[PDB]
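What follows is one structure encoded as structure tokens, with my remarks underneath.
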Amino acid sequence: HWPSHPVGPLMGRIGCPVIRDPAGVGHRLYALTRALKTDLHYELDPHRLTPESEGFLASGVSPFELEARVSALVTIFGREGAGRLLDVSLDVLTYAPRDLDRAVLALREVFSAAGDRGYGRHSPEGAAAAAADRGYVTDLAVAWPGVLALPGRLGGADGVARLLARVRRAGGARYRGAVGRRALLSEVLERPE
RNA sequence: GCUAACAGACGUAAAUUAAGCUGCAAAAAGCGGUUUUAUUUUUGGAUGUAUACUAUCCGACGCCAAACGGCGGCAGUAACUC
Ligand SMILES: [Mg+2]
């Protein structure tokens, strides 16, 4: 069902085709490659896939669901940002579009660089601040795919983890520069778990 | 005219974070005050709002004080009596 790169390099990364191989892995891989080819030039070779990519390949996801997922991923993030995000860690495709929308909106609320913890600068320069907030959240997602797993802790504990990082030295603007340069949120999320 | 009226529970409603503006003496940090926001918790009417809700009366429709509730006597006047 996949005359292409051999299964030997792919059986060591994906243990999903042991059970639901026939229509499942081949059609989902073909539809995902076509769904990213119809996007802005994404190849999606299967070698980069990690064993945590049981999602988007498990028996029960339709190819139409993958088509909606990639369309929602290039709708929630800009396709230049979505292409930069998908260059590293394709595990973002595992999330459902509604849950990914919820996590991105919660990240935009807590990490709002425009104003307060509330979504500052509601939509001339308010739209400019809102676009900067979308850029900041997509840059954090490019830097770390694990920030999309915030609702495992809570939608309201993103601020709690951010202050657990915040209490050491100074205020928010220094920390938006600091957290974008180093992954300080991973220890805070592990401390919350 | 809305946290409505009306009907009930009655000795009185507040709990946990977050952001902002801050302030005190001070060798590189602690505790606060105030405004806004988030989660709860905040009985029906009502997740309603004067074309809506409640109360009272008449009980469709058709034709000519809509609050309790009625709406007098005396003794005579019209070419035969009355
Ligand atoms: Mg009236």
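Residues 229 to 351, 355 to 424 (the authors' numbering) are what the first sequence spells out, left to right. Even for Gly, the Cβ is constructed at its ideal location relative to N, Cα and C.
Does residue i come out as helix, strand or coil in the three-state DSSP assignment?
| i | result |
| --- | --- |
| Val410 | helix |
| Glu356 | helix |
| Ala263 | helix |
| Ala324 | coil |
| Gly243 | coil |
| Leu385 | coil |
| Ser417 | helix |
| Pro231 | coil |
| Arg422 | coil |
| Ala342 | coil |
| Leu272 | coil |
| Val398 | coil |
| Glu337 | helix |
| residue 353 | Coordinates for residue 353 are lacking, as the chain steps from 351 to 355 with nothing built in between. |
| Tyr347 | coil |
| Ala363 | helix |
| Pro237 | helix |
| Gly283 | coil |
| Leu277 | coil |
Is residue i near residue j, with beta carbons less than 7 Å apart?
| i | j | result |
| --- | --- | --- |
| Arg248 | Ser287 | yes |
| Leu395 | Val419 | yes |
| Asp344 | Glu280 | no |
| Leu277 | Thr261 | no |
| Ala324 | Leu294 | no |
| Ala372 | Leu313 | yes |
| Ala342 | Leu381 | no |
| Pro291 | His350 | no |
| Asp329 | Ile304 | yes |
| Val235 | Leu285 | no |
Among the options, which has the Cα closest to the Cα of residue i?
| i | options | result |
| --- | --- | --- |
| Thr322 | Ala334, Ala251 and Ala296 | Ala296 |
| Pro231 | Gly243, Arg241, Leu257 and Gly240 | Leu257 |
| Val378 | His350, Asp267 and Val332 | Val332 |
| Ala392 | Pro274, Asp267 and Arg422 | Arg422 |
| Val246 | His233, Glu282 and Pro274 | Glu282 |
| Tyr367 | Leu238, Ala404 and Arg241 | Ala404 |
| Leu268 | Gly402, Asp315 and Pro376 | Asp315 |
| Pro237 | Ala363, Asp329 and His275 | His275 |
| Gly309 | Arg399, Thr369, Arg241 and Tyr406 | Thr369 |
Going by DSSP, what residue range makes up the alpha helix (DSSP H) through residue i?
| i | result |
| --- | --- |
| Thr303 | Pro291 to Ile304 |
| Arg312 | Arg307 to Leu314 |
Worksheet item: Per the contact definition of three or more C-beta pairs closer than 8 Å, is the region 385 to 400 in contact with the region 328 to 341?
Response: yes
Discussion item. Does the contact criterion of 3 or more C-beta pairs under 8 Å hold for the region 407 to 424 versus the region 355 to 364?
Written reply: no
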